[PDB]
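Chains as they are written, first to last, in the authors' numbering: chain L1, 13 to 216; chain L8, 155 to 256; chain 55, 2 to 204; chain 76, 2 to 100. Using N, Cα and C, we set each Cβ at its ideal position, and we do this for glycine too.
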Amino acid sequence: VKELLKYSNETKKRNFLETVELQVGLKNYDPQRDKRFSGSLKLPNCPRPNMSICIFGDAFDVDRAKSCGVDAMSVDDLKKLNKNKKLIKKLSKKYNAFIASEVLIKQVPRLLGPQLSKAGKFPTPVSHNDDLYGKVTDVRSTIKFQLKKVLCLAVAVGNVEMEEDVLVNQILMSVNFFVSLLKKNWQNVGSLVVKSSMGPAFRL
Amino acid sequence: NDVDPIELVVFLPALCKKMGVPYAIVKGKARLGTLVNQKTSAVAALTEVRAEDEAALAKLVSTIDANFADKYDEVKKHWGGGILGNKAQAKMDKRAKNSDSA
Amino acid sequence: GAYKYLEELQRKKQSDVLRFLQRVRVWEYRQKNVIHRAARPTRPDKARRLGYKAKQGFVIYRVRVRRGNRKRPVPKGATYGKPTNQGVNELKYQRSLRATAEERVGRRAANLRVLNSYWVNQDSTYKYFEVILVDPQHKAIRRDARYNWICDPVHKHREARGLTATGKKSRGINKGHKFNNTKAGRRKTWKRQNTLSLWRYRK
Amino acid sequence: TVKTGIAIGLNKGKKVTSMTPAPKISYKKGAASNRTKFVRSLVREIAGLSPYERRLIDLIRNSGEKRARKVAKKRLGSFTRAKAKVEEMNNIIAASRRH
RNA sequence: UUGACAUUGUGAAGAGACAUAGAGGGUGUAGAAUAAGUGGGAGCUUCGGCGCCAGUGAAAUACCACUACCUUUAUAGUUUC
RNA sequence: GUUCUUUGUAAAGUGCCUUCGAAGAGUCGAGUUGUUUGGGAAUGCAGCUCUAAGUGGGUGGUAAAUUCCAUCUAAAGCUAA
RNA sequence: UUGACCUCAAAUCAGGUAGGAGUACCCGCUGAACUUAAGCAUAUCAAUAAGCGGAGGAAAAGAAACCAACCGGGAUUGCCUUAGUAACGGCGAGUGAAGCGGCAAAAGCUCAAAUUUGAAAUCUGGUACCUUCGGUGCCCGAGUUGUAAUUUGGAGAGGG
């Protein structure tokens, strides 16, 4: 059972020597090969926030640019379409809408190679705003596979309670055993080590 | 270390290193039988003891396990046998003798 | 409870220690008589569980037997029948090697009432077994409310008939819808349904 | 068992009064027991592994279990045996090699 | 008569996978500069070395976990010829 | 029917609480060879190699994989009419 | 060097037990031919005669790793039925069950697997005496690589 060691409990809230917030990363080991069809490319919805300083550039209009400045990082418009087309890019991802289909051609020339644009297979265009801002500042994080049998990403912070982290890795461990094919090998849940940035890594 | 059926004795030393009691292999199952008014026994247990020899008993326990209990996990990766006879020792060792250091 | 350890021990035959002793024993018997009695069972576990009490009236007999098949006794492969019934090599037998060794020890030990044996050795040209017979004339056993049936004339040559477990396995007198091939006497059940039973009153 | 009271059905039969007596041991002839537990583990450590048992863990760790159940059905008989048999294999793979 | 498997074992060497801890290396033009390479990152840190916001490029560096390919680079154990 | 000796600090069984309850392996089963059979992807039997397990296991008459239900107690012997 | 152990012998030592017959009938292994197919090779006759091994008064078989799929029954034999049917088969000539049901018949159990362990209490034989299908005292040996008692799953044992 998960509640003795850390993983997302307590333990590593004293082994730290850093004063600034450190984002932990969950390291897995799911037995898979060079195939594409057999694997997970899904995203586990985390209920609690990661408090990540990953600024955004979401350009909206009408009843979509009101609940913008309350849960995220920055507030844009359809005219502020001549700010991120020049010499400044620090953002990690963007977000548009349906009313923003006409004004979606002046933002694709700077986001193709890196991929921070609004697409057909990329989470960005949605009409009802106030709902997806609890999944952007909370960091939903995407899961992908390079070529073999392992997976790493970003979970939460090491300064939150023991029960504010146990409900975040409950539906993140369930997505790494459900979306993953049985077209795999022995146990999809084996080694399970976890480190932040410097400290140690505990397994269960 | 006798008994034709050696399979009747190869499980005793393992059950001993699992409980924590002293064991000692003697070289005579026929002798283990005459001190018990029999022919052969091979098996000799010591359960109830008197307040006479209890002292000379803990000293012996130490010498015994000193040789068997501890080197148990040791010779568990060591193979016995493979000793050649006179004809094969000399001819074959005087072969690896006069091909290197002659 | 040494018997429990010895029993799961005789099931780890694919281990390094078991391959050792069955390779040591098998050979020493190959330099002895083919038909040579044994003063002590090499398997206390198997011996006793079948039926073995240490005393004057229980003899063990070490038996080394050959294998292969049974070539028909025809001069140069010369048969004189129909193509179907005209082979010599894929010629088996209707009895097991266990039952065969008993037949030969009952001819040497004609005075003992054979009981049951077991599997011990086997390499390539020879298979090994060791059977146990009883004393139908010894006083200590002639009595005893366990073996008073040994002195009854109805057991003389149990292997020539098949009153043994290996004989009742090779015969097939067990319970089953598949065992209804000869559930009750080979040619007995045969002659039975293959006979015309008519009464004074034909209905 | 509570049927349907008619000819056929998902419970094809009559609804008569139930009785149910005491339990039987003619159902536990293959039980756990503290006696057989002690005995069977003790002998697995004394003899070691067989030739294919070495190459069994080697074809799991290195390749797969779809591969172990594939060659275990060739070494034995059933897929049902491969189930509990190859299941028991990884019981020692984990509870020993790492933990 | 010929192939295979059992019988049928206990070693050395030459290629030979692989547990496991370290060490290690690869795009041209260019940006001081070693690029298939993602994110955490304004600090790990008395030293201040890199920073960094900046910036040239297709990809931006330490606290570096490692999604890591890969090293016939070697070790501590099993392998087919 | 009569009649000798009390067999005895002799054993078995009934009601209640708790812990246990050990039960047969080169056997089972598989591929295959032949042969038998009402038996039909295989009824049995012997041979060959392989080679089990314990909330197990055999059987449920179309194999097979998948999730269940049922039903017995093998690989020990004896017993009249 | 004396004394045990295991193992293999020895005799006109002591005590025993095996053989062939008979073979109507029952248990096995091996095993045909004719015959049919209007021919004839798988098929059939036949899972037959002979042949060789083996006992009894009967024997063999037997208390399920049984049959079912029932409102489940419940060892073994046997007659009636199933039926000339399910089935098999150059789907040819042909061959070929079983469950259930009725009834005569009707007996149940015991060994290993448990620490008798505050006691190998058990058994062979020699000998003495006797009430002799045998008993009791002694002297040896088997046997601890395990003889009495408890217990066989339907239970059951230890503690109380």
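| said: Could you tell me the alpha carbon to alpha carbon distance between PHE21 (chain 55) and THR85 (chain 55), rounded to whole angstroms? | reply: Spanning the alpha carbons of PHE21 (chain 55) and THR85 (chain 55) requires a straight line of approximately 45 Å.
| task | Indicate the three-state DSSP secondary structure (helix, strand or coil) for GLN158 (chain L1) in the structure shown. | result | Look at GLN158 (chain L1) here: in three-state DSSP terms it is coil, with no helix or strand label.
| task | Determine which residues share a DSSP beta bridge with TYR127 (chain 55) and list them. | result | Bridge partners of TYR127 (chain 55): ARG67 (chain 55).
| said: So if I threshold CB-CB distances at 7 Å, which residues from the region 183-206 of chain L1 count as touching chain 76? | reply: Along the region 183-206 of chain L1, the positions whose C-beta sits under 7 Å from a C-beta of chain 76 are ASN197, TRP198, read in chain order.
| query | Taking Cβ-Cβ distances shorter than 8 Å, what residues in chain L8 pair up with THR43 (chain 55)? | reply | The answer, in chain order, is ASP158, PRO159.
| query | Are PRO61 (chain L1) and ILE183 (chain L1) touching if we call contact CB-CB under 7 Å? | reply | Going by C-beta atoms, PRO61 (chain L1) is not nearer than 7 Å to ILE183 (chain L1).
| message | Taking CB distances under 7 Å as the criterion, tell me whether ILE61 (chain 76) reaches chain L8. | response | Taking Cβ atoms only, chain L8 never reaches closer than 7 Å to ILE61 (chain 76), which makes this a no.
| Selection from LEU116 (chain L1), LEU123 (chain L1), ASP88 (chain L1), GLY81 (chain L1) that minimises the alpha carbon distance to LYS98 (chain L1) | Closest by alpha carbon: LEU123 (chain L1).
| What residues are listed by DSSP as bridge partners for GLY37 (chain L1)? | BP columns for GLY37 (chain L1) point to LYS207 (chain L1).
| Among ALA185 (chain 55), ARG201 (chain 55), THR43 (chain 55), the one whose alpha carbon lies nearest that of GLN194 (chain 55) | Of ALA185 (chain 55), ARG201 (chain 55), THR43 (chain 55), the residue nearest in Cα terms is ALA185 (chain 55).
| By a C-beta neighbour count over all protein chains shown, 10 Å radius and 16 as the cutoff for buried, is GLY107 (chain 55) buried or exposed? | By the C-beta density criterion, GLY107 (chain 55) is buried, having at least 16 other C-beta atoms within 10 angstroms.
| query | What does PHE134 (chain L1) pair with, by DSSP beta-bridge criteria? | reply | DSSP output for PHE134 (chain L1) lists no bridge partner at all.
| N-terminal and C-terminal residue of the beta strand (DSSP E) that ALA39 (chain 55) is part of | Its beta strand (DSSP E) spans residues 36-39.
| Members of the region 43-77 of chain 76 that neighbour chain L8 once the beta carbon cut-off is set at 9 Å | Identification of residues in the region 43-77 of chain 76 having a C-beta nearer than 9 Å to some C-beta of chain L8 yields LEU43, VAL44, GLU46, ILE47, given in sequence order.
| query | What is the C-beta distance between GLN35 (chain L1) and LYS160 (chain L1), in whole angstroms, given that I count them as a contact (C-beta under 8 Å)? | reply | Not a contact, Cβ separation roughly 25 Å.
| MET90 (chain 76): buried (16+ other C-beta within 10 angstroms of its C-beta) or exposed? | Answer is buried; the Cβ neighbour count reaches 16.
| Between the beta-carbon of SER79 (chain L1) and the beta-carbon of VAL151 (chain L1), is there less than 7 Å? | Not a contact, by the Cβ cut-off of 7 Å.
| Alpha-carbon spacing of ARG114 (chain 55) relative to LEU51 (chain 55), whole angstroms | When rounded, the separation of the alpha-carbon atoms in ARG114 (chain 55) and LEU51 (chain 55) is 15 Å.
| field | One or two residues paired with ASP70 (chain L1) in a DSSP bridge | value | Answer by DSSP bridge pairing, in chain order: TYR107 (chain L1).
| query | Under the three-state reduction of DSSP, which class applies to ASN122 (chain 55): helix, strand or coil? | reply | Correct three-state label for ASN122 (chain 55): strand.
| request: Compare the Cα-Cα distances from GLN158 (chain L1) to each of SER50 (chain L1), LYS24 (chain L1), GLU30 (chain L1) and report the closest residue. | output: Closest option to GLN158 (chain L1), Cα to Cα, is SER50 (chain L1).
| query | According to DSSP, is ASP88 (chain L1) helix, strand or coil? | reply | In this structure, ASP88 (chain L1) counts as strand in the three-state DSSP scheme.
| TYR6 (chain 55) beta carbon less than 7 Å from that of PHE222 (chain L8) | Note that the C-beta distance between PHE222 (chain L8) and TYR6 (chain 55) is not below 7 Å.
| field | From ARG172 (chain 55), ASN34 (chain 55), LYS54 (chain 55), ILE151 (chain 55), residue whose alpha carbon lies closest to that of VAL66 (chain 55) | value | Checking every option, the nearest Cα to that of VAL66 (chain 55) belongs to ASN34 (chain 55).
| field | Contact under 7 Å by Cβ, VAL132 (chain 55) with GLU103 (chain 55) | value | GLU103 (chain 55) sits close to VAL132 (chain 55), with the two beta carbons spaced by under 7 Å.
| field | Environment of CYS58 (chain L1) [buried if 16+ CB atoms lie within 10 Å] | value | When all chains shown are included, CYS58 (chain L1) counts as buried.
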